[PDB]
Structures are given as C-alpha cells and as structure tokens.
Engineer: 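Dropping a structure here in structure tokens format, bear with me for questions.
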Amino acid sequence: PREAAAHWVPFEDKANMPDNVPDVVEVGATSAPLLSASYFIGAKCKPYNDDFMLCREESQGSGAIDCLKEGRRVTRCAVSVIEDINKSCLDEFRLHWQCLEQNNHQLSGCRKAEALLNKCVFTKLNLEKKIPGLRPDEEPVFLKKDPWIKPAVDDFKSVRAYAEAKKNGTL
Amino acid sequence: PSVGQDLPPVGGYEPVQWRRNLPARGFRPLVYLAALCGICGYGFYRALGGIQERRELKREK
Ligand SMILES: CCCCCCCCCCCC(=O)OC[C@H](COP(=O)(O)OCC[N+](C)(C)C)OC(=O)CCCCCCCCCCC
C-alpha cells in the first residue's frame, strides 16, 4: 500500500466490534519499547506468529476475517511477554528504550543497556536473543566487541549502570 | 679635486646573489605515489569494514 497523496483527511470509525467476536487486549507499548522487546517476543511467540501467518496464507484472500482467533492468540502472547518484562526487568528495559529514543532507534547506539537487558531477561524469563540465518563462522553483531560503528555519545545512565554491573559481577 | 662625493668602499662590497636559486625540494615522485597508495588502501579497508558491519546491523533490524 502507498501512502496518501495530494489531499486526504483522517477519519475515525465509532462503531464497536460485532459482539460475536471475542474481545481481546491490545498491546500498549510504543515503538521504542516494542523494538527493545522484539527479540524476546519473537523467541516466545514464534509458533503463534507462524500459525497466524500460515492461516492467512491458507485463507487465500479472506485472511483478516478468517484468522481473528489466531490473531487473538498472537496478541495475547505479546502482551504476556511485555507484562513479564514489566514485572521482572523494568529498570533495564527502560534504560534500553530511552537510549533508543535518543539514538534514532538504532540498536548499535545502545549496546551497554542491551547487555543488561539481555542478561536480566535470560535469567528471569529464560528467553534468549538470537539472530536467525547465520553460519557458525558468522558472528552476530550485537555480540561483537570493538565494533566499527559506535554511537556519537554513549548514553550517560547506561554507561553508569554498565560500570556498576561490572563491579557487582552481574555482567 | 673630489671632497664629499659618494664613493665605494676601499675593499668593495660583498658579492650579491644573482644566479637562479630554485633548489629542488621534496621526496622522489614514487614516494608520493606509494604514500597515496597506502592512504587509499587503508581508507578502503576501513570503508569496506564499515559497509560489512552496517549490513549486519541491517540484518538485526
Ligand atoms: C583490485 C583490488 C585488489 C586489492 C587486493 C587487496 C587485498 C589485501 C588484503 C587485505 C584485506 C583484509 O584482510 O582485510 C579485510 C577487509 C575488511 O574486512 P574484515 O571485517 O576485517 O574481515 C572479517 C570478515 N568478516 C566480516 C566476514 C568477519 O576487507 C576489505 O575489503 C579491505 C581490503 C583492503 C582494501 C583493498 C582495496 C584496494 C584499493 C581498490 C581501489 C579501486
């Protein structure tokens, strides 16, 4: 789909969902927290995402109205992972997405906060960040030390928290 | 006679420099060519490393 052209107006629909359709919660995170959580959401909700997409393909044109129950599962799984993050690892998660908000949403600008977030999420949620499709020779970039590309200003709070974790021994 | 006339010194003046004085300066040309090759090669090393890392960042995003 193309973006709107010369003159357009936004319009809101005031109707409710038809009552036959079971209601569902909606994800409440904005773009930066979602980008921060995306790999954990992928790790946990891969089967449901795959099932939703397979349903959409198999519906062959009626996918929106035929996969609503699969979509309901997808959104519930995403809400569950974000709730778990908000219960166990909120400080580090906030570090990471505030850093992202300062760095044009570039993950390369936030590696120190991401290291703490990954350790927390792995220890208390048993989710692991992993980049699909690489050979064992190829090194995932988020694990690389001494990268070519670095942020203009390493984030202040993140630098302090990273050094403190290195003292404590958590990281 | 001649009293008070502007006249030269008894021994004369020290010689002035009048011949062309444009001495050759600089390394031989091949030194500059080698330095240019080294600079460009190091720059290409850095630029291609940066491109490759940028591609891996693209994969992550
Ligand atoms: C016609 C051109 C022939 C030049 C042959 C030079 C080969 C010399 C061997 C050094 C390479 C190396 O070993 O460095 C490797 C570098 C950087 O990659 P890396 O991330 O460090 O490697 C890790 C591999 N990963 C990423 C999969 C983990 O790769 C390069 O691109 C740099 C090549 C040097 C620049 C050559 C350009 C020549 C000038 C071209 C002007 C038109």
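Computed over heavy atoms, backbone and side chain alike; hydrogens, waters and symmetry mates excluded. Order of the sequence lines fixes the chain letters, A, B, ..., with proteins taken first and strands second; residue numbering starts at 1 for each chain.
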Engineer: Over all heavy atoms of both residues, which pair between A/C120 and A/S88 is shortest? Give the atoms and the distance, please.
Structural biologist: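 Heavy atoms of A/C120 and A/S88 come nearest at SG-O, 3.8 Å.
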
Engineer: Let me check something: do A/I41 and A/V24 share a hydrophobic cluster, defined by ILVMFWY side-chain heavy atoms less than 4.5 Å apart, either directly or through other members?
Structural biologist: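 Yes; tracing contacts between hydrophobic side chains, which count when under 4.5 Å, links both residues.
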
Engineer: Is any side-chain heavy atom of B/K61 less than 4.5 Å from a side-chain heavy atom of A/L107?
Structural biologist: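 In short, these two side chains do not touch, never coming nearer than 4.5 Å.
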
Engineer: Going by side-chain heavy atoms closer than 4.5 Å, which hydrophobic residues are tied to A/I131, directly or by a chain of links?
Structural biologist: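 Result for A/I131 is A/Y39, A/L134, A/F142, A/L143.
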
Engineer: How close do A/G109 and A/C99 get, heavy atom to heavy atom, and via which atoms?
Structural biologist: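 Scanning both residues, the minimum pair turns out to be O-SG, 3.2 Å.
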
Engineer: Which pairs with one or both residues in residues 14-33 of chain B pass side chain to side chain donor-acceptor pair (under 3.5 Å), sequence neighbours excluded?
Structural biologist: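 Applying side chain to side chain donor-acceptor pair (under 3.5 Å) to every pair that reaches into residues 14-33 of chain B, excluding sequence neighbours, yields nothing.
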
Engineer: Can you confirm whether A/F40 sits close enough to A/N118 that some side-chain heavy atom of one is under 4.5 Å from a side-chain heavy atom of the other?
Structural biologist: yes

Engineer: Are more than 12 heavy atoms, taken from residues, nucleotides or ligands other than A/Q98, located less than 6.0 Å from that residue's CD atom?
Structural biologist: yes

Engineer: Whether the side chain of A/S36 engages the backbone of A/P33 through a donor-acceptor N/O pair (distance < 3.5 Å, no angle test) should be reported.
Structural biologist: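 No, because the side chain of A/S36 does not come within donor-acceptor range (under 3.5 Å) of the backbone of A/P33.
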
Engineer: Could you note down all residue pairs passing side chain to side chain donor-acceptor pair (under 3.5 Å) where residues 141-154 of chain A supplies at least one of them, sequence neighbours left out?
Structural biologist: A/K112-A/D154, A/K144-B/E53

Engineer: Rounded to the nearest 0.5 Å, what separates atom OG in A/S108 from atom CG in B/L57?
Structural biologist: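 Output value for this atom pair is 5.0 Å.
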
Engineer: Taking C-beta and beyond as the side chain, do A/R111 and A/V141 meet within less than 4.5 Å on heavy atoms?
Structural biologist: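 Answer yes - side chains close enough.
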
Engineer: With no hydrogens and no angle check, is any side-chain donor or acceptor of B/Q52 less than 3.5 Å from a backbone partner on B/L48?
Structural biologist: yes

Engineer: Is the count of non-hydrogen atoms from other residues, nucleotides or ligands lying under 6.0 Å from B/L36 atom CG greater than 12?
Structural biologist: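 Yes, CG of B/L36 has more than 12 neighbouring heavy atoms, counting only those of other groups under 6.0 Å.
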
Engineer: How far apart are the closest heavy atoms of A/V25 and A/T75, and which atoms are they?
Structural biologist: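 The answer is O-OG1, 3.2 Å.
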
Engineer: Does CG belonging to A/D19 count more than 12 external heavy atoms closer than 6.0 Å?
Structural biologist: no

Engineer: Mind checking the CZ-CG spacing from B/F27 to B/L33? Nearest 0.5 Å is all I need.
Structural biologist: 14.5 Å

Engineer: Mind checking side chain to side chain donor-acceptor pair (under 3.5 Å) for A/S80 and listing every partner two or more places apart, or none if nothing turns up?
Structural biologist: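 Scan of A/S80 (side chain to side chain donor-acceptor pair (under 3.5 Å), adjacent residues dropped) gives A/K44.
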
Engineer: By the definition side-chain hydrogen bond (donor to acceptor under 3.5 Å, both in side chains), identify the one residue from A/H96, A/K119, A/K129 that meets it with A/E114.
Structural biologist: A/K129

Engineer: Compare every heavy atom of A/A37 with every heavy atom of A/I85, then report the nearest pair and how far apart it is.
Structural biologist: CD1-CB, 4.0 Å

Engineer: Give the minimum heavy-atom separation between A/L117 and A/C89, together with the two atoms involved.
Structural biologist: CD1-O, 4.3 Å

Engineer: Return the CE to CG distance between A/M17 and A/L68, rounded to the nearest 0.5 Å.
Structural biologist: 6.0 Å

Engineer: Return each pair, listed once, that meets side chain to side chain donor-acceptor pair (under 3.5 Å) where at least one residue sits in residues 51-72 of chain A; pairs must be two or more places apart or across chains.
Structural biologist: A/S59-A/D66

Engineer: Answer yes or no: is there a side-chain heavy-atom contact under 4.5 Å between A/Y48 and A/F52?
Structural biologist: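 Not touching, per the 4.5 Å side-chain cut-off.
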
Engineer: Of the non-hydrogen atoms in A/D13 and A/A15, which two are nearest, and what is the gap between them?
Structural biologist: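 Taking every non-hydrogen atom into account, OD1-N, 3.2 Å.
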
Engineer: Show the numbers, then the answer: is there a salt bridge (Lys or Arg N to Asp or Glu O under 4.0 Å) between A/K167 and A/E164?
Structural biologist: CA-CA 5 Å; A/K167 284 194 173 192; A/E164 157 133 23; over 6 Å; no

Engineer: Roughly how far apart are A/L35 CG and A/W97 CH2, rounded to 0.5 Å?
Structural biologist: 12.5 Å

Engineer: Quick check: do A/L95 and A/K157 have side-chain heavy atoms less than 4.5 Å from each other?
Structural biologist: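 The answer is yes, as the side chains (C-beta and beyond) meet within the 4.5 Å cut-off.
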
Engineer: Can you find a pair of side-chain heavy atoms, one from A/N86 and one from A/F93, that are under 4.5 Å apart?
Structural biologist: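 The answer is yes, as the side chains (C-beta and beyond) meet within the 4.5 Å cut-off.
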
Engineer: When you group the ILVMFWY residues by side-chain heavy-atom contacts below 4.5 Å and let the links chain together, are A/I82 and A/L125 in the same group?
Structural biologist: yes

Engineer: Rounded at 0.5 Å granularity, tell me how far CZ in A/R73 sits from SG in A/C45.
Structural biologist: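 Atom-to-atom, A/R73:CZ and A/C45:SG are 12.0 Å apart.
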
Engineer: Could you work out, with side chain to side chain donor-acceptor pair (under 3.5 Å) as the rule, every residue matching B/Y42, not counting sequence neighbours?
Structural biologist: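 Checked B/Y42 against side chain to side chain donor-acceptor pair (under 3.5 Å); matches are B/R46.
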
Engineer: Can you confirm whether A/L127 sits close enough to A/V81 that some side-chain heavy atom of one is under 4.5 Å from a side-chain heavy atom of the other?
Structural biologist: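 In short, these two side chains touch, coming nearer than 4.5 Å.
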
